[PDB]
Amino acid sequence: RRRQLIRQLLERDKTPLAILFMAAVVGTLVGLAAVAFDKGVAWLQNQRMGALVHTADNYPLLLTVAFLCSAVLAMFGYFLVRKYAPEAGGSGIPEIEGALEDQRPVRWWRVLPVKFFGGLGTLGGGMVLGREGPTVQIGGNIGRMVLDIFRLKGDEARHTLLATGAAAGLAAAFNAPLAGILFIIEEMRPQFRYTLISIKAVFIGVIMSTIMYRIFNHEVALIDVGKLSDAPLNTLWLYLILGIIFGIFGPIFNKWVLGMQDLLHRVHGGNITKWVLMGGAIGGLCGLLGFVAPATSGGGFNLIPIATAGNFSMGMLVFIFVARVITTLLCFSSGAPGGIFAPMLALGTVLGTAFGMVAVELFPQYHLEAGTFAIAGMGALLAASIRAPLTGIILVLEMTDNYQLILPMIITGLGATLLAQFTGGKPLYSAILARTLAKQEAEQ
Amino acid sequence: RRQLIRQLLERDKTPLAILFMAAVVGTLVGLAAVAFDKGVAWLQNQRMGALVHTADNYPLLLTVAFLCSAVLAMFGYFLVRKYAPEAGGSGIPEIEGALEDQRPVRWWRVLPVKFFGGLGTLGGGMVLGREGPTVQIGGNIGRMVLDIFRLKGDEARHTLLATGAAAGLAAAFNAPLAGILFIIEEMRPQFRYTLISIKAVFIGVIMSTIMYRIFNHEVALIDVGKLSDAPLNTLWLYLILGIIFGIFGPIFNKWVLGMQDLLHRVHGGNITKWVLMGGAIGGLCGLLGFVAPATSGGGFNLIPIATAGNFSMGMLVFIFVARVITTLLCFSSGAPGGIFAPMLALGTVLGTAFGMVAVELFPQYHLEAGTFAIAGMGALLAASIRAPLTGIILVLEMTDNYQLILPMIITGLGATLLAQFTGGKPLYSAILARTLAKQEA
Amino acid sequence: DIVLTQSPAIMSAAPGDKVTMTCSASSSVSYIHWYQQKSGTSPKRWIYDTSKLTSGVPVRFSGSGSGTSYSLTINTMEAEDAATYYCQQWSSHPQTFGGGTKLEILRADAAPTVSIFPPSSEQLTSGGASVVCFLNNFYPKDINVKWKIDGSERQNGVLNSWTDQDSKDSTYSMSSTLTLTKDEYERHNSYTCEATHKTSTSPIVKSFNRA
Amino acid sequence: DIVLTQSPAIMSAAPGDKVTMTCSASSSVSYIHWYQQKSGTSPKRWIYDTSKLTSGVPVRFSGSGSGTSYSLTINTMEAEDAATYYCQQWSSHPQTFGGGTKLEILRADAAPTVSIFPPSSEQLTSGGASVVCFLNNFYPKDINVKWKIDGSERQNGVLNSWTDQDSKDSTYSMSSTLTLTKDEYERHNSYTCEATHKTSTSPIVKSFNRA
Amino acid sequence: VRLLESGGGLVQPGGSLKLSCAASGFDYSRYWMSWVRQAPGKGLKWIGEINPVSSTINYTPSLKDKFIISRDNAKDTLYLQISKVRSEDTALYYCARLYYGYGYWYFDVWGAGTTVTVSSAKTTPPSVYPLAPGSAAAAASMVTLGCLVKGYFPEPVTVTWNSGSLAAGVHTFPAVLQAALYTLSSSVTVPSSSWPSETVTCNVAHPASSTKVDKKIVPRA
Amino acid sequence: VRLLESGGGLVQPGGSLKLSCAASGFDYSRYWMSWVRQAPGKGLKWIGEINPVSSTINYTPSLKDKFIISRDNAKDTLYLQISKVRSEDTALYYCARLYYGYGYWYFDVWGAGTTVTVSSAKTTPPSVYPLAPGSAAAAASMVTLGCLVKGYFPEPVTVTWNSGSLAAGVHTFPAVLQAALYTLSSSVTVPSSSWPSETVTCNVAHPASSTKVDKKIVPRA
C-alpha cells in the first residue's frame, strides 16, 4: 500500500483541462448571475423607496404602502418557491451540501428561475436575509447546469463543478475570493469521506466570479470600517471571554432557528396559501420596519459600519439586537428564499460592539475601542451557529481588512466554536440537512 | 443515508483530551520555535562580532567569515548524519509521510538533532528557512506529548502530529492562518480521508502564535508598507507573470532534486566527505554573507529592499542567479532547514524584476514594481511546492496588502496551472516519493 | 500621442433638443473621459470610462463610442448645460485632451436693460472720466452700442465687453466704457448711450447731464 | 489609586558601581516603566514592562521585581548615568508615578572656594545693598553659612541657593546673599561670611571692610 | 476635498516661478497628482504627474527642466517649477488629483487654478470707483448699480458684492486690455426699495498685489 | 519625532489659558496624546489623555471643567484648557504620545515642556548689578567674578558671559522668590591673569519684560 502512495504522490494535483476550463465558465456565469441578482434587489428596494416618497405626507398611507409592497413581493417570492421548487426555500446551502454527498437533486431548470426571482422578491422587499443563500445555491445549480449541458462525466466533474459554483457564489456575494474557497473546503465538502473536489478548479471558478463582481461593483466596499486600532497582548483574554459568550449563545440561536421553522409550519400546515399569505405578512412587517426602525430590518450590512464606529447608544444596541434576532428568525425560519449568513454577521457586530462598550468603560488602562470587539464578534456568531470559524475569520478579514486584529478574531472565533461544542450545539447547516434528509426517510 | 444523518448530528466533536493536548503542543512548539529563532539570531551575531575583531586584514576577515560558517555547518551536518538522517534537508516531507503512517517520528532523536543541527546551519548564515526545522520539530513535539501522555487513537495520532506541524509554520512566520491552511492543503494525507481535528489544529496554532508574539511583538518579519492598488486593466499582467512562474516552477524542482543527487556522489553517503563538504558550502555562505549578503542568508532582508524597488535591474538578475545557486547547494546538500523561506525571496526578486519591465512598458497603467514583487513572492511556492492557497494566505498575512488579493491569486493560480501543464510535481510530495521508493527499492 | 478632435467646436441647441458632440481620435483609444467646464469654473469630471457618469451628473447625460470616434449625448438638453466640454484619453501615453465643444443655448428673446453711469467723483480726482453703460440680460447676443456726447456721435476711446451665456437664464450682458480726460469730458454736458437690439426697432437711449 | 514610592530619595555612588532603587506600590502592579530625567530636560523612557531596555539604552541598565515591589539596577554606573529615575505604572488606572530617585555622582571631597562681594555702586544708587557670598565647588552638598556684621551674627534678609551637582566636577556650589537698605548697610563696617563645610572644623572665613 | 493652487501671477520672460498646490480633505499620499494648464481662451494641456513616493515623475514632451514637478507629503502640497518662461507659458495652471475606473486614468478633482502672466509689465493695484445713478435716478422697481475696476495688471481680479451675501443679479465683464492695463466693471441689481436704504459694497480683490478694495456705493448728492 | 508644547506663561489666579502641543515626525492620529505636569521640583502627575478619534478623553480625579483636552489632527496639534487657575497649577506641563509593549501603557515620547506660573504678581524687569572682588582681596590663582540679577518676575532669566563664549567655570544659581520678585546670582571663575587685563561681561535676558542687558564687571576702582 506504500507502493500505491508512491504512484499517487507522483500523480498529485492533476486536473483534466476540461474540468479547469469548465470551472472558468461556471464562475463567469455565477458572477454575472450574482451581479444581476444584486442589481435586481437594489432596483426593487429603490422602487419601494420611490413610492414612500410619492406618499410622503399621509403617515398611515405611507406605513401602508411600505407594508403592501413588501407584502406583494414577499408573497411573489414565497409563491414561486412553494409552487415550483420547494428545495429553493430557506438558505439553499444545506441543499447544496447534500447534493455534494449525492443525497439531494440539483433540479436546476427549477431552482435557478425560482431562487433567483424568488429572492429578488424576498430580498428586494427588504427582508432580513442575505444574498449568500440565493447565490450559493444559484451558484451550485449553474455548476450543475453546465455539467449537464456539456455532458461531463465522472465523480470529479460532478463534485468539482458543483463546489466551484458554490464558492463563486459566496465569493460573488461578499467580494471575498478566499472566503468562497475556504467555505467549500471547511464546511461545504462531504465532511466524513474523502472526495474528488479539485481545489485548483474551485479557484479558477472564484477568480472569474470575483472579476465579474469587480467589473460592475468596482470602487465601493460592502463594509467600510477604516483601519481600526490594535489590540495589546494583555487585551487578548477579553476576546476569549467574548468568544465564550458567543459559544453559549451560538446553539441557543440554533434552537430558535430550528424550533421557529416548526412553530411557523403549524401556522400554514404546508398549505400553499397559509404560507404565501404568512409569507407576505412577515414581508410587509419588514418594509414597515425598514421605515420605522430600519436597523431592525434589511440585510444588515448598513449598520455594521455605524456600530463599529461606536455611533449607537447602549440602549439602541440592545434594541437592535433583540429586534434583529426576532426578524432574523421570522424570515429565515419561515422558509423564505435567502441566506442567514449575512444577518449573522450583523448580529455578531452588534453583540461584539455591545461587549466592547462595556469593555471600554471597565478597562480604561487598556485604551480599548469598542469597534475591535465589533470586528472580532462579527464572524463569531458564524463560528458558533454555522461552526465554520476558518471561513468566518477569513470572511471578516477580507471584508473589514483589519489584519492586525487577526489574534482577537481567531481567539474570539475559537472560543465560540469551543463553547458551542461543550454546550451541545450543532453546525446549523448540517442540522438542517439532517432534518431534511431524515424527514425524507421517516415519510416512507 | 441513515448513516449520514447519524454522522451529521455527530459532526465537529473533539474529545476534550485532544483539544487540551493540542493547546500544550502549540505552547511547546511556540517556545521551541522562539528559542530556535533566538539561537540562530545569537549565532549570526557572534559571527558579526568576530568580523569586527578582524575588521582590518581583508583576507583574514574573509577567512574567519568562512571558518565560523564552515565550523557551524559541519557541526550541523554531523549531528544530522551521526544521530538522525531523517532530520536532514527540510523535514516537511518527513512529516507528510508520518501523517500517512509511512515514516517514523523518532522524536528522542530529531528534536535535539534538528534543533541544534539547524542552529548550526541557519546560525552560520546558510540559505535555508526556519520552517523546515520548526515544522518537523513541531510534529515531533506533537509526537512526544502523544507518547509521554499515551494518547490512543488514529485521531490523537494524526491531530497532535498536524497541530504540531502547523504551530511550527505559524511560529516560523507569525502566520496563524498560513499554518492551519498548510496542514489542510498540503500536509494532510492527500488521497484518503483522515481524522485530523481542525479545531484542534487551531488551538495549537493559537498557542504557538501567542508564544511567538510574547517574545517578538512590535517587529514584523517583512515590513513593506501599504502598496498601491491594481486596476482591472492591469490584471492580465499578473497572469503573464504567473505563467512565467508556471514554467520555471518545475525547472526549479528538477535542479533541487537533481542536485540532491549530484551532491550525493561528492560524498557517496560517507559521513566525512559529507560533513566536510557540509562546512565547505557553509563556509561559502558566511563568506558571501559578507562580500554580497543578498546572495546569502535566509532572504527576508532583501524582500523589503526589493519591494520598494531599490535594486537596479542588473543587481536583481545577479541576486536571482546567485540565489538559485546558493539555494540549491544548501537544501539539495541535505543540510537541515526549509526551502520555503528562500522560495519567497526568490519569488519577490523575480516578481520585482517583472514589475520593473512592466513599469517602463506601460506608463499608462501607473504601475509600481512592488505590486509584482508581492504577487510573485508566493508564486514560486505555488509552482514548486504547489500549495497556492497556503502561499497566498502566507504572503497576505505577512505583507498585509489585502488590496492585492486578485493579482496575488491570479499570479498564484497561473503558476500552479502552468506547473501542471509542464509536468512538474509538488516538490514536497516528490521528495516523499523519492524517500518512500528508495526505502522499498 | 493620440490627437483627439472634437466635433462641433461651437454648437447651439434649444432646451428639449437631444444633443450630441464628438471626440474623434488619431489612433484607436478606449475608455475616454469627458469634462464640463462652465464659464469661469474649473473643469469637472463629467463622464468617465466612455459612459459612466460621475456622481451628481444628471442622467440626462450619456456617453458612447469606441475605436476612433466617441460621443457625448444629452437627451433633452437643459439650459444649465452651457459649458465647453473636453474629452480626454489616457489609453496611450501621454494622455491628451480634445479641442472642446462649446455648447451654447438657444432661447427666446430678451430685451436689454440699459443703465448709464457718470464718471464717479474720485475718478475725476484721478484725471480720467470713464462713462459706463450696462446693457443687461439680452437675447440674442448681437447688440449694438452707440455713444452720443452732446447729441453728436463718439467712437474714439470706447471699450466693450460681453459676458458669456448665463447658466440659468441663458442671456448675455454687455458693458460699454467711454473713456475721456477730465476736461475732454467736462467740455460737454450731455452724454447718451444708445442700444440697438432685435427686441426694439427704435434704439433704447439712456443719458445723463452733468448740469 | 495606586501610590508608588521610590526608596532612595536621593543617592550617591562612584562611577563603575552597582546601583539599585526601589519602587514599592500601595497595591499590586504589573509591568512598570522607568523614565530618566536629566537636569532641565524632557523625561525619557528607559525601562518598561518591568524590564525591557528601550532602543538606545546602554546594556548596563536593568529592571525586575513584581506585584508590590520593583527595581531599576545599574551594573557599572557611569558619568552620563546620573539623573532622576521615575518609575511609573499604568497597570491600574489612573496611572501614577513614583516620587523619583535622584542619582548622584559620589566623589572625592572638596573644601569650598569662598568669594565675598561688596554691594555694587549702582545698587546703592538705589538704596539697596546686597552682600553676595559664593561658596563655589564643594563635595558633599552639606555646608553651613553664617554672616558677621561688625563681627556680629545676623539671620535676616539672607537668601541661600545651591546649584544642583556639577557636570564637570560633580561638586556643589551655593550662594548666600544678604540684603540690607543702603542706610542699614552704611551704619556697619566689618562684613564677614562664614562657611562651615565637612572638610575642616575651623570654618573658612571670608570678609571685607568698607573703610 | 479641495485643491487650492497658488504662487502664480507675474513673471519676467526667460525667468522662473514656483507654483504650490495645497490639498486638504483626502489622504494626499495615496494619490498620484498632476498639472494641467490652459492658455487664455484655449484648451487643456497636460504638463506632468507625480506619484506619492516621488519615484515616478513623467512630464509631457518638454525640454530640460522646462518643468520640475515635486510633492511634500508632510505639507500635503504639490509643486510645479517652471524655467525659461517664454509666453507659451502664460496660462491658468490646474493641479489635479488623478484616479481611474477600469484603470484608464482620469483627472479626478481639479483645483481652481492660479494664473501666470509672462510679461515685462508691472504689478498694479486696481482703482475702484463707485457707479451710482446720476442725480436724477428715475428709480423704477429695481435699481442697478455697479463698480468700475481700472488700471490693474496682471490678471485676475475677483469682484463679489457684500462679501458674497449678494450673489443673485451680479454680472462681471471680462477685463479688456488697454496699454498693458486691464479694466472691468461689475454690475448688480437690487430692489429700489432696498437701496439707498441699505449698505451696498463691492469687494474687489487683486491677488497679484495682494490688494482688496471695498468701495461702497454712495447715491449722488 | 518632535512634540512642541507652547502657550505657557503668567496667568492671574482665577484665569484661564490654552496650552498647545504641536507635533512632527509621525502620523499624529493612531496615537493617543497625553498631558503630564510637574509641580516645580516635585512629583510627576498625569492630567489626562485623548484618543485619536477624539471620542475618548480621560482626565485625572480632577474637578468638573478644570481641564479640557482636545486635539485637531488636521493641524496636528493637541490643546489643554485649564479653567479657574490657582497656585496649585503652577507647573511644568509636558505633552506625550502614548504607547505600550505587552499592553500596559507607557508615556512614549515627551515634549520639552512649558511653564505656567499662576500669580497675581506683575511682570517686572530685572536689575543687573556686577560683582567685582573688592579693593581688599589679593588676586590668587583663579579670580571669581559675577552678577546679581535682582528683582524680576517671572522666571526665567538667561545669563551668559561674553556672549556665552566663556562657557567654562560658570554657575548661574537658582532664582529665589521673595515678596513677589525673584533674585539670582551668577559666578564665572577665570584665572588671575585673565582679568582685569581682559573684559569679562555678563549678558542677561528676561524676555518676559523685553529686558536685554549687558553689565561689565570692571574691578573695584
# chains A, B, ... in the order shown; residues from 1 in each chain; ligands from 1
>>> interface_residues(of="chain A", to="chain D", cutoff="9 Å", atoms="only C-alpha atoms", output="short mmCIF file (atom, residue, chain, number, x, y, z; two decimals) with C-alpha atoms, in the first residue's frame")
data_model
loop_
_atom_site.label_atom_id
_atom_site.label_comp_id
_atom_site.auth_asym_id
_atom_site.auth_seq_id
_atom_site.Cartn_x
_atom_site.Cartn_y
_atom_site.Cartn_z
CA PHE A 363 -10.79 48.91 31.44
CA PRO A 364 -9.59 52.42 30.66
CA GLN A 365 -5.95 51.23 31.15
CA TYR A 366 -6.36 49.12 28.00
#
>>> interface_residues(of="chain F", to="chain D", cutoff="6 Å", atoms="only C-alpha atoms", output="VMD selection string")
chain F and resid 43 104 to 105 112 133 173
>>> calpha_fit_rmsd(fixed="chain F", moving="chain E")
2.5 Å
>>> interface_residues(of="chain E", to="chain A", cutoff="10 Å", atoms="only C-alpha atoms", output="number ranges by chain")
E: 100-102
>>> calpha_fit_rmsd(fixed="chain D", moving="chain C")
2.2 Å
>>> select_by_dssp(residues="stretch 3-77 of chain E", states="strand (DSSP E)", output="PyMOL selection string")
chain E and resi 3-6+9-11+17-23+33-38+45-50+57-59+67-72+77
>>> write_last_selection(atoms="N, CA and C atoms", output="compact mmCIF listing (two decimals), in the first residue's frame")
# COMPACT_ATOMS: atom_id res chain seq x y z
N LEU E 3 -8.37 71.31 -3.73
CA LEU E 3 -7.05 71.72 -4.19
C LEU E 3 -7.06 73.23 -4.46
N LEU E 4 -6.11 73.92 -3.84
CA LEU E 4 -6.11 75.36 -3.79
C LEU E 4 -4.72 75.80 -4.22
N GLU E 5 -4.47 75.81 -5.53
CA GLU E 5 -3.14 76.16 -6.05
C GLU E 5 -2.83 77.66 -6.00
N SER E 6 -1.54 77.99 -5.93
CA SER E 6 -1.08 79.39 -5.80
C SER E 6 0.42 79.64 -6.12
N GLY E 9 0.91 84.51 -10.92
CA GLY E 9 0.91 85.96 -11.08
C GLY E 9 1.86 86.36 -12.20
N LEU E 10 2.71 87.34 -11.91
CA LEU E 10 3.57 87.94 -12.93
C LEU E 10 5.04 87.42 -12.92
N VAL E 11 5.52 86.94 -14.07
CA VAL E 11 6.96 86.68 -14.28
C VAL E 11 7.54 87.29 -15.54
N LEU E 17 9.31 80.70 -12.11
CA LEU E 17 8.47 80.71 -10.89
C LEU E 17 8.06 79.31 -10.35
N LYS E 18 7.64 79.28 -9.08
CA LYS E 18 7.20 78.06 -8.39
C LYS E 18 5.75 78.16 -7.93
N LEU E 19 4.91 77.33 -8.52
CA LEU E 19 3.53 77.18 -8.07
C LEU E 19 3.44 76.11 -6.96
N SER E 20 2.66 76.41 -5.93
CA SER E 20 2.28 75.44 -4.90
C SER E 20 0.81 75.13 -5.09
N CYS E 21 0.45 73.85 -5.00
CA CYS E 21 -0.95 73.46 -4.86
C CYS E 21 -1.12 72.80 -3.49
N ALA E 22 -1.92 73.39 -2.60
CA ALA E 22 -2.08 72.84 -1.26
C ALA E 22 -3.41 72.13 -1.13
N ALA E 23 -3.34 70.84 -0.77
CA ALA E 23 -4.51 69.94 -0.77
C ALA E 23 -4.97 69.59 0.65
N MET E 33 -0.67 62.85 -8.31
CA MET E 33 -1.14 64.21 -8.61
C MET E 33 -0.73 64.61 -10.01
N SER E 34 -1.25 65.72 -10.51
CA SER E 34 -0.91 66.15 -11.86
C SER E 34 -1.08 67.65 -12.01
N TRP E 35 -0.50 68.19 -13.09
CA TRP E 35 -0.70 69.58 -13.51
C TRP E 35 -1.16 69.65 -14.95
N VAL E 36 -2.17 70.46 -15.17
CA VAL E 36 -2.75 70.70 -16.48
C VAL E 36 -2.87 72.21 -16.59
N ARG E 37 -2.45 72.79 -17.71
CA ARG E 37 -2.62 74.24 -17.89
C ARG E 37 -3.58 74.55 -19.00
N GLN E 38 -4.05 75.79 -19.02
CA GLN E 38 -4.98 76.24 -20.03
C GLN E 38 -4.68 77.70 -20.37
N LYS E 45 -3.93 71.35 -21.51
CA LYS E 45 -2.61 70.76 -21.80
C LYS E 45 -2.01 70.06 -20.58
N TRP E 46 -1.90 68.73 -20.63
CA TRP E 46 -1.26 68.00 -19.53
C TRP E 46 0.21 68.40 -19.44
N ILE E 47 0.68 68.71 -18.24
CA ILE E 47 2.08 69.04 -18.04
C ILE E 47 2.79 67.81 -17.54
N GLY E 48 2.52 67.42 -16.29
CA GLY E 48 3.17 66.28 -15.68
C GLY E 48 2.36 65.67 -14.56
N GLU E 49 2.86 64.56 -14.03
CA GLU E 49 2.24 63.84 -12.92
C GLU E 49 3.31 63.34 -11.98
N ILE E 50 3.08 63.40 -10.68
CA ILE E 50 3.98 62.75 -9.73
C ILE E 50 3.23 61.77 -8.84
N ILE E 57 7.97 60.39 -12.02
CA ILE E 57 7.51 61.69 -12.45
C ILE E 57 7.65 61.74 -13.94
N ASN E 58 6.53 61.69 -14.66
CA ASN E 58 6.57 61.92 -16.11
C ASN E 58 6.21 63.35 -16.41
N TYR E 59 6.83 63.91 -17.44
CA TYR E 59 6.43 65.20 -17.95
C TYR E 59 5.96 64.98 -19.38
N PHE E 67 9.93 72.15 -17.05
CA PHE E 67 9.13 71.96 -15.83
C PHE E 67 9.84 71.06 -14.81
N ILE E 68 9.64 71.32 -13.52
CA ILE E 68 10.03 70.38 -12.46
C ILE E 68 8.85 70.20 -11.52
N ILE E 69 8.35 68.97 -11.41
CA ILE E 69 7.24 68.67 -10.51
C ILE E 69 7.72 67.91 -9.27
N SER E 70 7.26 68.33 -8.08
CA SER E 70 7.59 67.65 -6.82
C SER E 70 6.43 67.70 -5.82
N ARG E 71 6.56 67.01 -4.70
CA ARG E 71 5.48 66.98 -3.72
C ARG E 71 5.98 66.78 -2.31
N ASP E 72 5.32 67.40 -1.35
CA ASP E 72 5.73 67.21 0.03
C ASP E 72 4.63 66.59 0.87
N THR E 77 1.33 69.06 -0.09
CA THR E 77 1.48 70.08 -1.12
C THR E 77 2.20 69.61 -2.38
>>> residues_around(residues="residue A:222", least_positions_apart="3", cutoff="8 Å", atoms="only C-alpha atoms", output="JSON, numbers by chain")
{"A": [174, 301, 399]}
>>> write_last_selection(atoms="C-alpha atoms", output="short mmCIF file (atom, residue, chain, number, x, y, z; two decimals), in the first residue's frame")
data_model
loop_
_atom_site.label_atom_id
_atom_site.label_comp_id
_atom_site.auth_asym_id
_atom_site.auth_seq_id
_atom_site.Cartn_x
_atom_site.Cartn_y
_atom_site.Cartn_z
CA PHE A 174 -19.20 39.16 -0.46
CA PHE A 301 -24.72 45.50 6.08
CA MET A 399 -14.22 42.45 4.24
#
>>> interface_residues(of="chain A", to="chain B", cutoff="6 Å", atoms="only C-alpha atoms", output="ChimeraX atom specification")
/A:6,9,193-194,430,434
>>> write_last_selection(atoms="C-alpha atoms", output="mmCIF file, in the first residue's frame")
data_model
loop_
_atom_site.group_PDB
_atom_site.id
_atom_site.type_symbol
_atom_site.label_atom_id
_atom_site.label_comp_id
_atom_site.auth_asym_id
_atom_site.auth_seq_id
_atom_site.Cartn_x
_atom_site.Cartn_y
_atom_site.Cartn_z
ATOM 1 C CA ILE A 6 4.283 6.441 -4.401
ATOM 2 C CA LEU A 9 2.186 11.197 -4.902
ATOM 3 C CA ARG A 193 -15.465 10.728 3.469
ATOM 4 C CA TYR A 194 -12.722 11.547 1.002
ATOM 5 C CA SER A 430 -25.565 20.201 8.959
ATOM 6 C CA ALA A 434 -30.042 16.115 8.885
#
>>> closest_residue(among="E:118, E:98, E:91, E:132", to="chain B", atoms="only C-alpha atoms")
E:98
>>> residues_around(residues="stretch 155-169 of chain B", least_positions_apart="2", cutoff="7 Å", atoms="only C-alpha atoms", output="PyMOL selection string")
chain B and resi 18+22+25-26+29-30+99+131+134-136+138-139+141-143+146+151-153+171-173+179-180+183+195-197+200-201+204-205+208
>>> write_last_selection(atoms="N, CA, C and O atoms", output="CSV table (one decimal), in the first residue's frame")
chain,number,residue,atom,x,y,z
B,18,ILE,N,-8.0,15.6,23.5
B,18,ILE,CA,-7.3,16.0,22.3
B,18,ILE,C,-7.1,17.5,22.2
B,18,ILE,O,-6.0,18.0,22.1
B,22,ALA,N,-3.7,19.6,22.4
B,22,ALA,CA,-3.2,20.5,21.3
B,22,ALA,C,-2.7,21.7,21.8
B,22,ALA,O,-1.6,22.2,21.5
B,25,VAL,N,0.8,21.3,23.0
B,25,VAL,CA,1.7,21.1,21.9
B,25,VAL,C,2.1,22.5,21.2
B,25,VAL,O,3.3,22.8,21.1
B,26,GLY,N,1.1,23.3,20.9
B,26,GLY,CA,1.3,24.6,20.4
B,26,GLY,C,2.3,25.4,21.2
B,26,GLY,O,3.3,25.9,20.8
B,29,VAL,N,5.8,24.1,21.0
B,29,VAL,CA,6.3,24.4,19.6
B,29,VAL,C,6.6,25.9,19.5
B,29,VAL,O,7.6,26.3,18.9
B,30,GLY,N,5.7,26.7,20.1
B,30,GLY,CA,5.9,28.1,20.1
B,30,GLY,C,7.3,28.5,20.8
B,30,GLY,O,8.2,29.0,20.1
B,99,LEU,N,2.2,11.4,8.6
B,99,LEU,CA,0.8,11.6,8.6
B,99,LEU,C,0.1,10.5,7.9
B,99,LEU,O,-1.0,10.0,8.3
B,131,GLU,N,11.2,27.2,8.7
B,131,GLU,CA,10.0,26.3,8.6
B,131,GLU,C,10.4,24.8,8.6
B,131,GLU,O,9.8,24.1,9.4
B,134,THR,N,11.3,24.1,12.2
B,134,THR,CA,10.2,24.3,13.1
B,134,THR,C,9.0,23.4,12.8
B,134,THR,O,8.3,23.0,13.8
B,135,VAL,N,8.8,23.1,11.6
B,135,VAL,CA,7.6,22.3,11.2
B,135,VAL,C,7.8,20.8,11.7
B,135,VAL,O,6.9,20.3,12.3
B,136,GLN,N,9.0,20.3,11.4
B,136,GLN,CA,9.4,19.0,11.8
B,136,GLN,C,9.5,19.0,13.3
B,136,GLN,O,8.7,18.3,14.0
B,138,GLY,N,8.1,20.7,15.3
B,138,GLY,CA,6.7,20.9,15.7
B,138,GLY,C,6.0,19.6,15.7
B,138,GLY,O,5.3,19.3,16.7
B,139,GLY,N,6.1,18.8,14.7
B,139,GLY,CA,5.4,17.5,14.6
B,139,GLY,C,5.9,16.5,15.7
B,139,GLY,O,5.1,15.8,16.3
B,141,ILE,N,7.3,17.2,18.5
B,141,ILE,CA,6.8,17.8,19.8
B,141,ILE,C,5.4,17.2,20.0
B,141,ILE,O,5.1,16.8,21.1
B,142,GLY,N,4.7,17.1,18.9
B,142,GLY,CA,3.3,16.6,19.0
B,142,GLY,C,3.2,15.2,19.2
B,142,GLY,O,2.3,14.6,19.8
B,143,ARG,N,4.2,14.5,18.6
B,143,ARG,CA,4.5,13.1,18.8
B,143,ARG,C,4.9,12.8,20.2
B,143,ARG,O,4.3,11.9,20.8
B,146,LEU,N,2.2,13.0,22.6
B,146,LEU,CA,1.3,11.9,22.3
B,146,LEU,C,1.8,10.6,23.1
B,146,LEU,O,1.0,9.9,23.8
B,151,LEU,N,-1.7,8.9,24.6
B,151,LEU,CA,-3.0,9.1,24.0
B,151,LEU,C,-3.2,8.1,22.9
B,151,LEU,O,-2.3,7.8,22.1
B,152,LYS,N,-4.4,7.5,22.9
B,152,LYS,CA,-4.7,6.4,22.0
B,152,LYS,C,-5.7,6.8,20.9
B,152,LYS,O,-6.6,7.6,21.2
B,153,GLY,N,-5.5,6.3,19.7
B,153,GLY,CA,-6.4,6.5,18.6
B,153,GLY,C,-5.7,7.1,17.4
B,153,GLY,O,-4.6,7.6,17.5
B,171,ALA,N,4.5,29.7,14.0
B,171,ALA,CA,5.5,30.4,14.8
B,171,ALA,C,6.8,30.7,13.9
B,171,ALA,O,7.7,31.4,14.4
B,172,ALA,N,6.9,30.2,12.7
B,172,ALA,CA,8.0,30.4,11.9
B,172,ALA,C,7.8,31.7,11.1
B,172,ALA,O,8.8,32.3,10.6
B,173,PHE,N,6.6,32.1,10.9
B,173,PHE,CA,6.3,33.3,10.1
B,173,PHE,C,5.3,34.3,10.8
B,173,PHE,O,5.0,35.3,10.1
B,179,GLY,N,-0.3,28.6,8.8
B,179,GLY,CA,-0.1,27.4,9.5
B,179,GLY,C,-1.3,26.4,9.2
B,179,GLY,O,-1.1,25.4,8.7
B,180,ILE,N,-2.5,26.8,9.6
B,180,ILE,CA,-3.7,25.9,9.5
B,180,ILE,C,-3.9,25.6,8.1
B,180,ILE,O,-4.2,24.4,7.7
B,183,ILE,N,-1.5,22.7,6.6
B,183,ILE,CA,-2.0,21.4,7.1
B,183,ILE,C,-3.1,21.0,6.1
B,183,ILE,O,-2.8,20.0,5.4
B,195,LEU,N,-8.5,11.7,10.1
B,195,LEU,CA,-9.2,12.1,11.3
B,195,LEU,C,-8.4,13.2,12.0
B,195,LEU,O,-8.1,13.2,13.2
B,196,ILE,N,-8.1,14.3,11.2
B,196,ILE,CA,-7.4,15.4,11.8
B,196,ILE,C,-8.5,16.5,12.2
B,196,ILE,O,-9.2,17.0,11.4
B,197,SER,N,-8.5,16.7,13.5
B,197,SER,CA,-9.5,17.7,14.1
B,197,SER,C,-9.0,19.1,13.8
B,197,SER,O,-7.9,19.5,14.4
B,200,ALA,N,-8.7,21.4,16.7
B,200,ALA,CA,-7.5,21.1,17.5
B,200,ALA,C,-6.3,21.8,16.9
B,200,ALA,O,-5.4,22.3,17.6
B,201,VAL,N,-6.2,21.7,15.6
B,201,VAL,CA,-5.1,22.4,14.9
B,201,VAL,C,-5.0,23.9,15.2
B,201,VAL,O,-4.0,24.4,15.4
B,204,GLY,N,-3.8,24.8,18.6
B,204,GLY,CA,-2.3,24.6,18.6
B,204,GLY,C,-1.7,25.9,18.1
B,204,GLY,O,-0.9,26.5,18.9
B,205,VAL,N,-2.0,26.3,16.9
B,205,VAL,CA,-1.5,27.4,16.2
B,205,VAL,C,-1.7,28.7,17.1
B,205,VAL,O,-0.8,29.5,17.3
B,208,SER,N,0.9,28.8,19.8
B,208,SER,CA,2.3,29.0,19.3
B,208,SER,C,2.5,30.4,18.8
B,208,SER,O,3.6,30.9,18.9
>>> interface_residues(of="chain F", to="chain E", cutoff="10 Å", atoms="only C-alpha atoms", output="PyMOL selection string")
chain F and resi 24-27+74
>>> residues_around(residues="residue E:212", least_positions_apart="5", cutoff="9 Å", atoms="only C-alpha atoms", output="PDB file with C-alpha atoms, in the first residue's frame")
ATOM      1  CA  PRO E 125      -3.265  97.681  -7.675  1.00  0.00           C
ATOM      2  CA  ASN E 203     -15.323  93.811  -2.720  1.00  0.00           C
ATOM      3  CA  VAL E 204     -12.641  93.920  -5.365  1.00  0.00           C
ATOM      4  CA  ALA E 205      -9.631  91.758  -4.848  1.00  0.00           C
ATOM      5  CA  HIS E 206      -6.347  91.811  -6.746  1.00  0.00           C
ATOM      6  CA  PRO E 207      -4.276  88.823  -5.584  1.00  0.00           C
TER       7      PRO E 207
END
>>> select_by_dssp(residues="stretch 1-188 of chain E", states="helix (DSSP H, G or I)", output="PyMOL selection string")
chain E and resi 87-89+162-164
>>> atom_distance(atom1="atom CA of residue E:121", atom2="atom CA of residue E:15")
13.5 Å
>>> closest_atom_pairs(of="chain B", to="chain C", cutoff="12 Å", atoms="only C-alpha atoms", output="CSV")
residue,atom,partner,partner_atom,distance
B:233,CA,C:91,CA,10.4
B:360,CA,C:93,CA,11.4
B:361,CA,C:93,CA,10.6
B:362,CA,C:93,CA,8.5
B:363,CA,C:93,CA,6.6
B:364,CA,C:93,CA,5.7
B:365,CA,C:91,CA,8.6
B:366,CA,C:93,CA,10.5
